[PDB]
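Heads up, the chain below is alone and in the form deposited in one PDB entry; it's given as structure tokens.
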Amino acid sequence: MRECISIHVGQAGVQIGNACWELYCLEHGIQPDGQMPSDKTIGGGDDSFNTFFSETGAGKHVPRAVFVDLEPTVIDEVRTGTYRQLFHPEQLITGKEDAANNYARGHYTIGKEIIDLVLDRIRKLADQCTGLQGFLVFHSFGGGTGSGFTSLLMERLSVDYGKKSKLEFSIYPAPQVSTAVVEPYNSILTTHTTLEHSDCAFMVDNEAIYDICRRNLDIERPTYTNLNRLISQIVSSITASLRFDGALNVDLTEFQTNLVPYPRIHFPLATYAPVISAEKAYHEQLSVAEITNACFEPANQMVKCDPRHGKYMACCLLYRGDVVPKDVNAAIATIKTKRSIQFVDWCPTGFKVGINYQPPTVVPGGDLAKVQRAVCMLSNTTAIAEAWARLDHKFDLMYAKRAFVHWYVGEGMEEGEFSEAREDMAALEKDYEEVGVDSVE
């Protein structure tokens, strides 16, 4: 009825897709073998909902997802793991070799000879649909596949499919932390090619979640499991309106109209405010008046970017659980009363609201708690200009000496592409300054 395809691209993509499907299988009742013990006892209903999953005759439900890494090490864990009998083999191990942290291999050399199968499986999964709306692409700036393959794939999809909400759930580089010396070179060149074809690009950062998980969940020694089990909740809060019922169901075509004023500022953020554990699950009411402020309170955002250094061009709050709308209106009013939370003159309304009745589930073997009401705030700020500015500064410090460029020209690249991808980010850093200046009456 209302389908959505999920394109996991890279190690981060699969490490998040596993956490997402571990949740989507527990919510609806599906098992790792694609089976359903509960609802069949009754003999009716559509619990294993057809938005993300397909169906067969023997009860097997199959997800609508494509996986690709250009490296076997990750997908073979799925093939040999617990969720091996769920996925159709549309998991693309083409990993005779990896992208070596360079955007040039994922884009031209190692990208070609691999992309056509991805397009073919996307096409085979779209023909099954009856009015799909979406393409959720999971990827990672800084890497090669996530930087390059994402760009090439979006460039092909925007031609072959067109007016479909090509959404992105991306990991932004931490300003201090990183795991690659040539990460900015990849990030800038990813943005330059995706700034046209994408429609909305959500953004996280692994440093912010670390700070959160030590401040709120009280984890001093985490892993990536504890981060992706929290990202899966954001994505479920996004997709709940399609899978489940609810008062104000909010779909994916509504995000890009409310949060994206101009096609070049489609870089919003995310945050999950109730990140408390069972020790702290008690002693707190967890009402909407606390959560809507937590979502705006710094030290709870998922990208280290202080919005007090900027403004708010829009905001979307997607509730889920025993939430009454009047509490949401009171909360939004309280937020509008505060002086620190700055709003542009060209958006007095600001907010979109979404409400669902299904609470978040509790992935066992996890760190979160069972809450009766949870929230996700998407947000577009003028603050993220600081981060693009930082990355451009790094790019300049490195490219002034033409460091690491030989690895890129060695795989089909040209210095003009570097300067071209630079200037189209200066233009964006100037746009963010242009729009944030109030209108001259």
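Think of the rigid core as the biggest set of C-alphas that the two forms share within 1.5 Å after superposition. One rule holds for the numbers: they count along the sequence shown, beginning at 1.
Absent from the display: the form deposited in another entry. The rest refers to it.
- No residue of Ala289, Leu195, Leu152, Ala281 other than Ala281 has its CA displaced by 2 Å or more between the shown form and the other one when the core is superposed.
- For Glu113, the Cα coordinates differ by under 2 angstroms between the shown form and the other one after the core has been superposed.
- In the core-superposed comparison between the shown form and the other one, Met36 has its Cα shifted by at least 2 Å.
- Core-superposed comparison between the shown form and the other one: CA of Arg243 displaced by 2 Å or more.
- In comparison with the shown form, the Cα-Cα distance of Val177 and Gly13 decreases by at least 3 angstroms in the other form.
- Put simply, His283 and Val275 come closer in the other form: their C-alpha atoms are 3 Å or more nearer than in the form shown.
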